[PDB]
Amino acid sequence: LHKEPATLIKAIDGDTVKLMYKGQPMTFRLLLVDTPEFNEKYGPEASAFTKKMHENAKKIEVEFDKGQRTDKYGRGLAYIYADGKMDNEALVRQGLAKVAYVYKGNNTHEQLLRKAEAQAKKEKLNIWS
Ligand SMILES: Cc1cn([C@H]2C[C@H](OP(=O)(O)O)[C@@H](COP(=O)(O)O)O2)c(=O)[nH]c1=O
Ligand SMILES: [Ca+2]
């Protein structure tokens, strides 16, 4: 798997973001995670966490997995990195997302994320308190 450039266009919520990728605007959905929707508990905090991660980044990258690159809604499915740090991992480690939507063939970073989730639950963070 490999990292490719992208630039912020705009925040959407905890697990979706609008990025410019290969010079085209696209909505991206983070692989292997589920943040609460804005209107749910820890939804606002998830959206704030991801928004901040992308605003503060000098460099954003997207990394597709081996399988499907777009979902049925036309959203890109990727691991996204902010200054080298994986958003997907960072959300789970903070208890602001669960591991979820693990489909065969797009699951390269599953166990990395599950390790992060175990550590978040151990610490009873956010969604696990
Ligand atoms: C994360 C992810 C979501 N999805 C689809 C499945 C879900 O379909 P349904 O909308 O039919 O439930 C939906 C969940 O996204 P959200 O969690 O953003 O709503 O997006 C994928 O198909 N592939 C994926 O890798
Ligand atoms: Ca969600």
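Read-outs throughout are calculated quantities, based only on the coordinates presented, and are distinct from any laboratory measurement. For neighbour counting, all protein chains shown are included, and Cβ atoms are generated from backbone atoms with ideal geometry for every residue, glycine included.
For segment 14-24, the candidate set comprises residues that are farther than 12 Å from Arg75 by Cβ and either near ligand 1 (Cβ under 10 Å from one of its atoms) or assigned to a strand (DSSP E or B) (or both); within that set, the residue that is nearest to the chain's Cα centre (by Cα) is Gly14. Selection of segment 99-129 for residues being aliphatic (A, V, I, L, M) and either part of a loop (DSSP other than H, G, I, E, B) or farther than 23 Å from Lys52 by Cα (or both) yields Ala100, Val102, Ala118, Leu125.
Among residues of segment 32-48 being among the hydrophobic types (A, V, I, L, M, F, W, C), more than 9 Å from ligand 2 (Cβ to nearest atom) and under 14 Å from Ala11 (Cα atoms), the one that is surrounded by the most Cβ atoms within 10 Å (Cβ to Cβ) is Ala48. When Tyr101, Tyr79 are checked against the criterion of being within 25 Å of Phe38 (Cα to Cα), surrounded by fewer than 19 Cβ atoms within 10 Å (Cβ to Cβ) and of a type in the set (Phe, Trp, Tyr), a single residue qualifies: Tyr101. Annotation: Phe28 fulfils all but one of (1) part of a helix (DSSP H, G or I); (2) crowded, with 17+ Cβ neighbours inside 10 Å; the unmet one is (1). Restricting attention to segment 55-97, the residues being among the basic types (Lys, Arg), over 19 Å from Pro5 (Cβ atoms) and either touching a helix residue (DSSP H, G or I) at 6+ places or on another chain (Cβ under 7 Å) or away from ligand 1 (no atom under 11 Å from the Cβ) (or both) number 2.
Pairs meeting the criteria (first residue in segment 111-129 and surrounded by fewer than 18 Cβ atoms within 10 Å (Cβ to Cβ), second residue aromatic (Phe, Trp, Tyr), beta carbons under 7 Å, at least 6 apart or on different chains) are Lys121/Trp128. The residue pairs whose first member lies in segment 27-46 and is among the β-branched types (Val, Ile, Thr), whose second member is more than 12 Å from ligand 1 (Cβ to nearest atom) and in a strand (DSSP E or B), and whose beta carbons are closer than 7 Å, counting only pairs six or more residues apart or on different chains, are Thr27/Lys18.
Sort out which residues of segment 49-67 are exposed (fewer than 13 other Cβ atoms within 10 Å of the Cβ) and touching a residue at least 12 places away in the same chain (Cβ under 8 Å), and write them in order of number. Result: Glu55, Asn56, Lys58, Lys59, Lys66. A Cβ distance below 6 Å, combined with a sequence gap of six or more or placement on separate chains, defines the contacts here; from segment 3-25, residues that are in contact (Cβ under 8 Å) with a residue 12 or more places away in the chain reach residues that are within 12 Å of ligand 1 (Cβ to nearest atom) and not hydroxyl-bearing (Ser, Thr, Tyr) in the pairs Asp13/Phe38; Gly14/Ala46; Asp15/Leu30; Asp15/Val33; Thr16/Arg29; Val17/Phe28; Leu19/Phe28. Kindly indicate the residue of segment 63-98 that is over 10 Å from the mean Cα position of the chain (by Cα) and either of a type in the set (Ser, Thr, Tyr) or in a strand (DSSP E or B) (or both) and also nearest to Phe28 (Cα to Cα) among those meeting that condition. In this case the residue turns out to be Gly76.
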